[PDB]
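Participant: Here you go, final.cif (mmCIF, C-alpha atoms and all ligand atoms):
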```
data_upload
loop_
_atom_site.label_atom_id
_atom_site.label_comp_id
_atom_site.auth_asym_id
_atom_site.auth_seq_id
_atom_site.Cartn_x
_atom_site.Cartn_y
_atom_site.Cartn_z
CA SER A 2 0.00 0.00 0.00
CA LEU A 3 0.93 3.60 -0.74
CA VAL A 4 0.61 6.31 1.85
CA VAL A 5 0.64 9.88 0.58
CA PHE A 6 1.26 13.09 2.55
CA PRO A 7 0.48 16.29 0.66
CA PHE A 8 2.51 19.22 1.92
CA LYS A 9 2.88 22.92 1.29
CA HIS A 10 4.56 24.80 4.12
CA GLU A 11 5.06 22.39 7.03
CA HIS A 12 7.65 21.96 9.78
CA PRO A 13 9.99 19.18 8.57
CA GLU A 14 10.19 17.29 11.90
CA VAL A 15 6.35 17.09 11.95
CA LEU A 16 6.13 15.53 8.52
CA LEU A 17 9.21 13.38 8.88
CA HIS A 18 7.69 11.86 12.01
CA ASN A 19 4.58 10.91 10.08
CA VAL A 20 6.65 9.46 7.27
CA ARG A 21 8.56 7.36 9.86
CA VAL A 22 5.33 6.07 11.29
CA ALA A 23 3.91 5.05 7.91
CA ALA A 24 7.22 3.63 6.78
CA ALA A 25 7.41 1.38 9.88
CA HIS A 26 3.89 -0.03 9.39
CA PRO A 27 3.70 -3.71 8.26
CA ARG A 28 1.14 -3.11 5.48
CA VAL A 29 2.67 -0.07 3.83
CA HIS A 30 4.60 -0.78 0.61
CA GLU A 31 5.69 2.79 -0.12
CA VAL A 32 5.43 6.40 1.06
CA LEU A 33 5.09 9.45 -1.15
CA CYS A 34 5.27 13.08 -0.04
CA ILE A 35 3.70 15.47 -2.52
CA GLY A 36 4.92 19.02 -2.26
CA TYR A 37 3.62 22.33 -3.46
CA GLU A 38 7.15 23.51 -4.37
CA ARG A 39 10.80 22.67 -3.64
CA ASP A 40 11.23 24.35 -0.23
CA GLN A 41 12.81 23.76 3.21
CA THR A 42 10.39 20.88 3.95
CA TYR A 43 10.91 19.33 0.53
CA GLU A 44 14.72 19.24 0.79
CA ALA A 45 14.55 17.93 4.39
CA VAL A 46 12.57 14.90 3.19
CA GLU A 47 14.53 14.24 -0.02
CA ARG A 48 17.56 13.99 2.29
CA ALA A 49 16.11 11.79 5.06
CA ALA A 50 14.57 9.28 2.56
CA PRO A 51 17.54 6.81 2.18
CA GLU A 52 18.27 6.61 5.99
CA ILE A 53 14.56 5.79 6.49
CA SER A 54 14.25 3.40 3.52
CA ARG A 55 17.27 1.48 4.90
CA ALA A 56 15.83 1.47 8.46
CA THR A 57 12.34 0.22 7.46
CA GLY A 58 12.58 -1.52 4.09
CA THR A 59 10.05 0.92 2.67
CA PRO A 60 10.76 3.09 -0.39
CA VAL A 61 10.15 6.78 0.38
CA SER A 62 9.87 9.41 -2.38
CA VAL A 63 9.21 13.13 -2.73
CA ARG A 64 7.67 14.62 -5.90
CA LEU A 65 6.38 17.96 -6.98
CA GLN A 66 2.74 18.53 -7.68
CA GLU A 67 2.07 19.04 -11.37
CA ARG A 68 -0.53 21.35 -12.88
CA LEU A 69 -3.26 18.84 -13.81
CA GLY A 70 -6.24 21.08 -13.16
CA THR A 71 -7.41 24.54 -14.03
CA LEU A 72 -8.51 26.44 -10.90
CA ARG A 73 -5.99 27.86 -8.40
CA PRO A 74 -2.89 25.64 -8.26
CA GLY A 75 -3.42 24.17 -4.73
CA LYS A 76 -3.98 20.93 -2.79
CA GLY A 77 -6.14 19.39 -5.55
CA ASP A 78 -3.12 19.35 -7.87
CA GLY A 79 -1.12 17.60 -5.14
CA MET A 80 -3.69 14.92 -4.51
CA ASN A 81 -4.32 14.35 -8.16
CA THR A 82 -0.62 14.12 -8.95
CA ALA A 83 -0.33 11.44 -6.22
CA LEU A 84 -3.27 9.73 -7.91
CA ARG A 85 -1.25 9.75 -11.13
CA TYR A 86 1.91 8.54 -9.43
CA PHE A 87 -0.15 5.83 -7.70
CA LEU A 88 -1.70 4.55 -10.90
CA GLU A 89 1.19 5.02 -13.35
CA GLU A 90 4.36 4.33 -11.40
CA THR A 91 3.10 1.65 -8.94
CA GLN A 92 1.07 -1.50 -8.94
CA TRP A 93 -0.06 -1.26 -5.24
CA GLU A 94 -3.70 -2.16 -4.48
CA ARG A 95 -4.63 0.66 -2.06
CA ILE A 96 -3.70 4.29 -1.47
CA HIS A 97 -3.95 6.31 1.78
CA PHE A 98 -3.87 10.08 2.19
CA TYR A 99 -3.06 11.87 5.48
CA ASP A 100 -2.49 15.54 6.05
CA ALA A 101 1.15 16.43 6.66
CA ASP A 102 0.44 18.86 9.58
CA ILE A 103 -0.98 16.03 11.72
CA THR A 104 0.78 15.53 15.11
CA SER A 105 -1.35 12.73 16.55
CA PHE A 106 -0.72 10.17 13.76
CA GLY A 107 -0.27 6.50 14.84
CA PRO A 108 0.06 3.02 13.26
CA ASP A 109 -3.50 2.23 14.30
CA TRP A 110 -4.88 4.81 11.77
CA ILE A 111 -3.31 2.83 8.98
CA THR A 112 -4.45 -0.44 10.53
CA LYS A 113 -8.05 0.62 10.96
CA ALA A 114 -8.36 1.71 7.33
CA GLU A 115 -6.58 -1.36 6.00
CA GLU A 116 -8.83 -3.65 8.04
CA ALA A 117 -11.98 -1.84 6.90
CA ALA A 118 -10.80 -2.25 3.34
CA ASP A 119 -10.17 -5.94 4.01
CA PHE A 120 -13.77 -6.08 5.15
CA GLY A 121 -14.88 -5.02 1.63
CA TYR A 122 -15.27 -1.18 1.61
CA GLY A 123 -14.13 0.79 -1.47
CA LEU A 124 -13.20 4.00 0.35
CA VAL A 125 -12.46 4.50 4.04
CA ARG A 126 -12.79 7.97 5.61
CA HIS A 127 -11.18 8.87 8.93
CA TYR A 128 -13.31 11.17 11.09
CA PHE A 129 -12.60 12.85 14.42
CA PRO A 130 -14.12 14.49 17.48
CA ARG A 131 -14.51 18.23 16.82
CA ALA A 132 -15.14 21.30 19.04
CA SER A 133 -18.56 22.81 18.60
CA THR A 134 -17.20 25.84 16.72
CA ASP A 135 -14.82 23.86 14.56
CA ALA A 136 -15.67 22.84 10.95
CA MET A 137 -18.08 25.62 10.14
CA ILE A 138 -17.22 25.32 6.48
CA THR A 139 -18.04 21.62 6.64
CA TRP A 140 -21.37 22.20 8.34
CA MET A 141 -22.60 25.47 6.97
CA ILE A 142 -21.26 25.15 3.43
CA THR A 143 -20.63 21.48 2.51
CA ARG A 144 -23.11 19.38 4.48
CA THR A 145 -25.76 22.07 4.02
CA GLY A 146 -25.20 22.10 0.25
CA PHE A 147 -25.42 18.33 0.02
CA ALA A 148 -28.52 18.37 2.16
CA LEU A 149 -30.25 21.08 0.11
CA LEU A 150 -29.23 19.74 -3.32
CA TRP A 151 -29.31 15.96 -2.91
CA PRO A 152 -31.59 15.31 0.09
CA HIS A 153 -32.27 11.61 -0.82
CA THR A 154 -28.63 10.66 -1.18
CA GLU A 155 -25.97 9.55 1.19
CA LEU A 156 -24.12 12.84 0.56
CA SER A 157 -25.20 14.86 3.58
CA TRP A 158 -24.65 11.82 5.85
CA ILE A 159 -20.90 11.79 5.21
CA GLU A 160 -19.46 12.94 8.57
CA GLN A 161 -16.42 14.82 7.38
CA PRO A 162 -16.77 15.37 3.61
CA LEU A 163 -13.77 17.76 3.60
CA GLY A 164 -11.44 15.50 5.52
CA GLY A 165 -8.10 14.64 3.94
CA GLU A 166 -7.56 11.36 5.77
CA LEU A 167 -8.74 8.42 3.78
CA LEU A 168 -8.01 5.19 1.93
CA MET A 169 -9.07 4.17 -1.61
CA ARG A 170 -8.96 0.88 -3.46
CA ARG A 171 -7.04 1.06 -6.77
CA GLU A 172 -10.19 1.02 -8.82
CA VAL A 173 -11.67 3.92 -6.86
CA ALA A 174 -8.52 5.96 -7.26
CA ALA A 175 -8.59 5.21 -11.03
CA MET A 176 -12.20 6.21 -11.41
CA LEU A 177 -11.38 9.49 -9.62
CA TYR A 178 -8.31 10.22 -11.78
CA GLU A 179 -10.46 9.61 -14.84
CA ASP A 180 -13.18 12.09 -13.83
CA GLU A 181 -12.78 15.48 -15.52
CA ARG A 182 -14.77 17.23 -12.74
CA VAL A 183 -12.28 15.76 -10.28
CA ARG A 184 -9.21 16.58 -12.38
CA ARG A 185 -10.34 20.19 -12.80
CA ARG A 186 -10.37 20.86 -8.97
CA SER A 187 -6.76 21.85 -8.46
CA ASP A 188 -7.71 24.01 -5.44
CA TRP A 189 -9.28 23.43 -1.95
CA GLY A 190 -12.28 21.91 -3.75
CA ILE A 191 -10.52 18.64 -4.27
CA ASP A 192 -11.91 16.90 -1.12
CA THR A 193 -15.50 17.81 -1.86
CA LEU A 194 -15.03 16.31 -5.33
CA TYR A 195 -13.63 13.02 -4.05
CA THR A 196 -16.58 12.86 -1.67
CA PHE A 197 -19.17 13.72 -4.25
CA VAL A 198 -17.84 11.52 -6.99
CA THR A 199 -17.17 8.38 -4.85
CA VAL A 200 -20.66 8.57 -3.44
CA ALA A 201 -22.23 9.37 -6.83
CA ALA A 202 -20.40 6.35 -8.37
CA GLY A 203 -21.89 4.02 -5.70
CA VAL A 204 -18.57 3.25 -3.97
CA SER A 205 -19.04 1.63 -0.58
CA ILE A 206 -17.82 3.86 2.23
CA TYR A 207 -16.85 3.25 5.80
CA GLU A 208 -16.03 6.04 8.17
CA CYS A 209 -13.75 5.12 10.97
CA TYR A 210 -13.47 7.06 14.18
CA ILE A 211 -10.14 8.18 15.48
CA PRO A 212 -10.87 8.68 19.20
CA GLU A 213 -7.75 10.65 20.08
CA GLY A 214 -8.21 13.86 18.11
CA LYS A 215 -6.75 15.14 14.85
CA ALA A 216 -4.05 17.43 16.13
CA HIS A 217 -2.73 19.80 13.42
CA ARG A 218 -1.85 23.59 12.84
CA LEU A 219 -4.41 26.33 13.99
CA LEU A 223 -11.55 33.70 10.75
CA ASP A 224 -10.25 35.33 7.40
CA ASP A 225 -7.22 33.00 7.03
CA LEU A 226 -10.13 30.68 5.92
CA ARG A 227 -11.48 32.90 3.18
CA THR A 228 -9.98 31.18 0.14
CA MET A 229 -11.03 27.80 1.47
CA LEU A 230 -14.53 29.03 2.11
CA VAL A 231 -14.92 30.28 -1.46
CA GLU A 232 -13.33 27.33 -3.04
CA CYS A 233 -15.39 24.86 -1.05
CA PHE A 234 -18.52 26.80 -1.88
CA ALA A 235 -17.52 26.92 -5.59
CA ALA A 236 -17.14 23.14 -5.54
CA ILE A 237 -20.74 22.65 -4.42
CA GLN A 238 -21.92 25.28 -6.90
CA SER A 239 -20.17 23.57 -9.77
CA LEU A 240 -21.89 20.30 -8.93
CA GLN A 241 -25.31 21.77 -8.40
CA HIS A 242 -26.72 20.32 -11.61
CA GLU A 243 -25.21 16.79 -11.33
CA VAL A 244 -27.51 13.80 -10.71
CA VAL A 245 -26.76 10.93 -8.38
CA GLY A 246 -28.11 7.74 -9.88
CA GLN A 247 -27.40 4.98 -7.40
CA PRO A 248 -27.25 4.25 -3.66
CA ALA A 249 -24.03 3.52 -1.77
CA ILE A 250 -23.32 1.22 1.16
CA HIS A 251 -22.32 3.66 3.85
CA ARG A 252 -21.45 2.88 7.44
CA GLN A 253 -20.06 4.77 10.41
CA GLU A 254 -18.02 3.37 13.26
CA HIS A 255 -19.93 4.52 16.35
CA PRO A 256 -18.26 7.62 17.86
CA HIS A 257 -16.86 7.84 21.39
CA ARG A 258 -17.61 10.75 23.73
CA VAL A 259 -15.47 13.74 22.72
CA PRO A 260 -12.28 14.25 24.76
CA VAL A 261 -12.52 17.12 27.25
CA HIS A 262 -9.48 18.98 25.99
CA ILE A 263 -11.12 19.00 22.53
CA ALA A 264 -14.60 20.08 23.60
CA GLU A 265 -12.85 22.88 25.56
CA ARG A 266 -10.43 23.87 22.74
CA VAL A 267 -10.11 27.63 22.52
CA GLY A 268 -11.86 28.43 19.20
CA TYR A 269 -11.74 31.44 16.82
CA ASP A 270 -11.46 35.01 18.06
CA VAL A 271 -14.99 36.35 18.54
CA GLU A 272 -13.99 40.02 18.83
CA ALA A 273 -11.81 39.99 15.71
CA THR A 274 -14.51 38.18 13.86
CA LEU A 275 -17.14 40.75 14.83
CA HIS A 276 -14.72 43.54 13.86
CA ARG A 277 -14.03 41.83 10.50
CA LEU A 278 -17.70 42.09 9.56
CA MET A 279 -17.32 45.87 9.43
CA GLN A 280 -14.31 45.80 7.10
CA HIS A 281 -13.58 45.52 3.34
CA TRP A 282 -16.91 46.94 2.29
CA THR A 283 -17.39 48.35 -1.25
CA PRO A 284 -20.43 50.01 -2.90
CA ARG A 285 -20.69 47.00 -5.19
CA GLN A 286 -21.01 44.58 -2.23
CA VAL A 287 -23.78 46.90 -1.12
CA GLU A 288 -25.55 46.80 -4.55
CA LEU A 289 -25.12 42.97 -4.68
CA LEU A 290 -27.13 42.52 -1.44
CA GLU A 291 -30.14 43.68 -3.43
CA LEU A 292 -30.14 40.06 -4.68
CA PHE A 293 -30.94 38.65 -1.24
CA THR A 294 -34.05 38.52 0.95
CA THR A 295 -34.98 41.60 3.02
CA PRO A 296 -33.85 40.42 6.49
CA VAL A 297 -30.51 39.26 5.09
CA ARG A 298 -30.16 42.51 3.08
CA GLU A 299 -31.01 44.77 6.06
CA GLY A 300 -28.92 42.49 8.31
CA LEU A 301 -25.76 42.52 6.33
CA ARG A 302 -26.07 46.22 5.70
CA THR A 303 -26.21 47.05 9.43
CA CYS A 304 -22.79 45.38 9.65
CA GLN A 305 -21.42 48.50 8.06
CA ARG A 306 -22.06 50.39 11.25
CA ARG A 307 -22.09 47.62 13.87
CA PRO A 308 -22.01 43.79 14.00
CA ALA A 309 -25.33 42.10 13.40
CA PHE A 310 -26.06 38.38 13.13
CA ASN A 311 -29.27 37.48 14.96
CA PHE A 312 -30.94 37.66 11.57
CA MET A 313 -28.87 34.83 10.13
CA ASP A 314 -30.93 31.87 11.48
CA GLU A 315 -31.32 28.44 9.86
CA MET A 316 -34.06 29.47 7.43
CA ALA A 317 -32.28 32.67 6.42
CA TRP A 318 -29.09 30.74 5.81
CA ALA A 319 -30.98 28.41 3.43
CA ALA A 320 -32.54 31.32 1.62
CA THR A 321 -29.09 32.89 1.34
CA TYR A 322 -27.59 29.67 0.13
CA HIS A 323 -30.06 29.49 -2.75
CA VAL A 324 -29.34 33.06 -3.86
CA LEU A 325 -25.65 32.30 -3.68
CA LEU A 326 -26.01 29.10 -5.66
CA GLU A 327 -27.54 31.12 -8.45
CA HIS A 328 -25.55 34.37 -8.32
CA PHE A 329 -22.21 33.74 -6.72
CA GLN A 330 -19.17 34.13 -8.98
CA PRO A 331 -15.87 32.65 -7.89
CA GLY A 332 -13.08 35.02 -8.98
CA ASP A 333 -15.20 38.10 -8.35
CA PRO A 334 -13.63 39.87 -5.36
CA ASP A 335 -16.91 41.41 -4.23
CA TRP A 336 -18.74 38.10 -4.41
CA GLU A 337 -15.95 36.43 -2.48
CA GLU A 338 -15.98 39.04 0.31
CA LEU A 339 -19.72 38.97 0.36
CA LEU A 340 -19.79 35.18 0.79
CA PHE A 341 -17.29 35.61 3.60
CA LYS A 342 -19.42 38.18 5.43
CA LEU A 343 -22.61 36.17 4.89
CA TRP A 344 -21.02 32.98 6.17
CA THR A 345 -19.39 34.88 9.05
CA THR A 346 -22.79 36.07 10.25
CA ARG A 347 -24.13 32.51 10.10
CA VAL A 348 -21.23 31.28 12.13
CA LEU A 349 -21.74 34.01 14.75
CA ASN A 350 -25.40 33.28 14.91
CA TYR A 351 -24.73 29.62 15.51
CA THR A 352 -22.13 30.46 18.11
CA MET A 353 -24.30 32.79 20.27
CA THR A 354 -27.69 31.04 19.88
CA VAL A 355 -26.58 27.41 19.76
CA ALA A 356 -22.93 26.67 20.67
CA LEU A 357 -23.06 28.71 23.79
CA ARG A 358 -25.83 26.40 24.97
CA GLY A 359 -23.34 23.54 25.23
CA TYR A 360 -21.51 20.83 23.41
CA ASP A 361 -24.33 18.30 23.28
CA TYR A 362 -26.86 20.90 22.45
CA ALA A 363 -24.83 22.26 19.56
CA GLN A 364 -24.20 18.75 18.16
CA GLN A 365 -27.85 17.79 18.34
CA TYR A 366 -28.64 21.06 16.67
CA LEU A 367 -26.31 20.42 13.75
CA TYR A 368 -27.74 17.00 12.89
CA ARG A 369 -31.31 18.25 13.24
CA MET A 370 -30.40 21.16 10.99
CA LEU A 371 -29.34 18.83 8.19
CA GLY A 372 -32.52 16.80 8.64
CA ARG A 373 -34.68 19.88 8.49
CA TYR A 374 -32.84 20.91 5.28
CA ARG A 375 -33.33 17.46 3.73
CA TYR A 376 -37.08 17.43 4.37
CA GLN A 377 -37.50 20.98 3.19
CA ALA A 378 -35.62 20.24 -0.08
CA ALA A 379 -37.65 17.05 -0.70
CA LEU A 380 -40.97 18.99 -0.57
CA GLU A 381 -39.70 21.26 -3.47
CL CL B 1 -14.56 22.95 7.88
MG MG B 2 -4.57 21.70 9.06
#
```
Go ahead and express the file in the form of structure tokens.

Facilitator:
Amino acid sequence: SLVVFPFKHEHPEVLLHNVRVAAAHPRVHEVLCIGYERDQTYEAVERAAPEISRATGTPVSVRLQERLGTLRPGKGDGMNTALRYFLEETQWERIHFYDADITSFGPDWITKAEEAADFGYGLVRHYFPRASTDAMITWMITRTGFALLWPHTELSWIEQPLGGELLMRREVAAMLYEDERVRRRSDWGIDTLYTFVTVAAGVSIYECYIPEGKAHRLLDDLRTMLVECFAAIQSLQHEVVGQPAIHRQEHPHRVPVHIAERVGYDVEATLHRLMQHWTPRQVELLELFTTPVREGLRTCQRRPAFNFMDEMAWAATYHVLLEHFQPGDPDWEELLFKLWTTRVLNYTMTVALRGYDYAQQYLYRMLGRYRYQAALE
């Protein structure tokens, strides 16, 4: 089996450790790191490779991501390049991906996925305990989209559709490398595409729970990712899903305390950020949205406002966005950012602040309400 770690700008020791771990695992045939560009991290790994290959008996290689897609050159190009390397330079049966920034990696992650594949699953997704204000792109953008657009499918049930930890069988990887929609997503949209396409193709999915968290590197640092993940959904909005998928979730443990109590984003800076980067055009664009959202987002010019951005309003807003949002347009991008920011704040003050369990229950019930609403059409 091949284990891939896509990396951009990571601390070498961090990644090297993970490579060590995967290299030492009895079911791993080869390790490939897939870099954005030849940098500090890249050279550090190119160098350590031999010492590690001798120690473990496992080939270890670094390669550069090639431009296989047509959006921003980002993580999608990396993953896809690894897909190509996997299929064209190796004859291994299964491929894993794990983020490079991870600091809680262990052999048991590899084991759990390998054993689930042995059981018969086509794709294995690792999911993790999250803090109640973590993964607001996942919930408010991805899962919501899937719920509103394909309410009868397994799509909105996928726990972490944006997660980069997974395992594919050779044929699944091949199908994905063949898909033009997949190939195109060179940017942060890659993960959404793997999720969408594997489910749409009727691959059988298992999600395994990693009880210890996912420890990696820690609101507007997220802006590109927000737009690109929203773009991905938008680009798929006309696709049809023509078959069911076997889909099963390892039962989750109670969240660890240090994760439930993890700090979270900066509320003050977020509120302040809602009042910044306005332009008249942003203000004319709001004309496209419903009155409460329009009035709401406009008030943010003078002071932060978010009570208006409830569940229903978010869904309204989502539909307007689906139809009018233009990736690449700086005013649309900022506007999506503000809009999503208010939703996040709303969820934080009216739901998350009521407690971990409450917030979790709320999120699942939200998706359900969205599914039912969409199915009535
Ligand atoms: Cl997220
Ligand atoms: Mg990260």

Participant: Which protein, DNA or RNA residues are at most 10 Å from (-16.8, 11.5, 6.1) in the file's coordinates when you count all atoms listed in the file, listed as an NGL selection string?

Facilitator: :A and (125-129 or 156-167 or 196 or 206-210 or 251-253)

Participant: May I have the residues within 12 Å of ligand CL 1 (chain B), computed using only C-alpha atoms and all ligand atoms, as an NGL selection string?

Facilitator: :A and (131-145 or 160-165 or 189-190 or 192-193 or 223 or 226-227 or 229-234 or 348)

Participant: List all protein, DNA and RNA residues that have at least one atom no more than 7 Å from any atom of ligand MG 2 (chain B), counting only C-alpha atoms and all ligand atoms, and write them as a list in words.

Facilitator: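 Taking only C-alpha atoms and all ligand atoms into account, the residues around ligand MG 2 (chain B) at most 7 Å away are residues 102, 217, 218 and 219 of chain A.
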
Participant: So what do you get for atom CA of residue A:81 versus atom CA of residue A:178, distance-wise?

Facilitator: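 Between atom CA of residue A:81 and atom CA of residue A:178 the gap works out to 6.8 Å.
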
Participant: Closest to residue A:285 among A:5, A:339, A:249, A:66, using all atoms listed in the file?

Facilitator: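 Nearest candidate to residue A:285 out of A:5, A:339, A:249, A:66: A:339.
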
Participant: What is the atom CA of residue A:4-atom CA of residue A:31 distance in Å, reported with one decimal?

Facilitator: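 Result for atom CA of residue A:4 versus atom CA of residue A:31: 6.5 Å, one decimal.
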
Participant: Choose the residue, out of A:343, A:329, A:240, A:147, that has the smallest atom-to-atom separation from residue A:279; count all atoms listed in the file.

Facilitator: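 The shortest atom-to-atom distance to residue A:279 comes from A:343.
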
Participant: With N, CA and C atoms as the goal, would you fill in the gaps in stretch 120-139 of chain A and present it as a tab-separated table (two decimals), in the coordinates of the input?

Facilitator:
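Output file result22.tsv follows:
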```
chain	number	residue	atom	x	y	z
A	120	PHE	N	-12.40	-5.67	4.96
A	120	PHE	CA	-13.77	-6.08	5.15
A	120	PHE	C	-14.61	-6.00	3.86
A	121	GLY	N	-14.15	-5.22	2.87
A	121	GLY	CA	-14.88	-5.02	1.63
A	121	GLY	C	-15.19	-3.60	1.17
A	122	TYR	N	-14.93	-2.57	2.00
A	122	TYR	CA	-15.27	-1.18	1.61
A	122	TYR	C	-14.37	-0.61	0.50
A	123	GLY	N	-14.93	0.22	-0.37
A	123	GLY	CA	-14.13	0.79	-1.47
A	123	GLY	C	-13.28	1.99	-1.08
A	124	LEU	N	-13.80	2.78	-0.14
A	124	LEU	CA	-13.20	4.00	0.35
A	124	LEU	C	-13.45	4.00	1.85
A	125	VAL	N	-12.41	4.37	2.59
A	125	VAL	CA	-12.46	4.50	4.04
A	125	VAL	C	-12.10	5.92	4.44
A	126	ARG	N	-13.03	6.61	5.10
A	126	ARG	CA	-12.79	7.97	5.61
A	126	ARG	C	-12.50	8.01	7.12
A	127	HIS	N	-11.40	8.63	7.52
A	127	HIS	CA	-11.18	8.87	8.93
A	127	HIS	C	-11.92	10.15	9.39
A	128	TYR	N	-12.75	10.00	10.42
A	128	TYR	CA	-13.31	11.17	11.09
A	128	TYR	C	-12.93	11.30	12.57
A	129	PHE	N	-13.20	12.46	13.15
A	129	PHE	CA	-12.60	12.85	14.42
A	129	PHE	C	-13.56	13.65	15.26
A	130	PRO	N	-13.35	13.62	16.59
A	130	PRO	CA	-14.12	14.49	17.48
A	130	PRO	C	-13.83	15.94	17.09
A	131	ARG	N	-14.81	16.82	17.13
A	131	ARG	CA	-14.51	18.23	16.82
A	131	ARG	C	-15.12	19.08	17.92
A	132	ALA	N	-14.56	20.28	18.13
A	132	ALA	CA	-15.14	21.30	19.04
A	132	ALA	C	-16.37	21.89	18.40
A	133	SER	N	-17.31	22.35	19.18
A	133	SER	CA	-18.56	22.81	18.60
A	133	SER	C	-18.48	23.99	17.65
A	134	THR	N	-17.38	24.75	17.68
A	134	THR	CA	-17.20	25.84	16.72
A	134	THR	C	-16.11	25.59	15.69
A	135	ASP	N	-15.70	24.33	15.61
A	135	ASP	CA	-14.82	23.86	14.56
A	135	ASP	C	-15.69	23.53	13.32
A	136	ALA	N	-15.04	23.40	12.16
A	136	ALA	CA	-15.67	22.84	10.95
A	136	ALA	C	-16.93	23.54	10.51
A	137	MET	N	-16.92	24.87	10.53
A	137	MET	CA	-18.08	25.62	10.14
A	137	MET	C	-18.19	25.72	8.63
A	138	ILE	N	-17.10	25.45	7.92
A	138	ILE	CA	-17.22	25.32	6.48
A	138	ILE	C	-17.94	24.02	6.19
A	139	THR	N	-17.44	22.94	6.78
A	139	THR	CA	-18.04	21.62	6.64
A	139	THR	C	-19.53	21.64	6.89
```
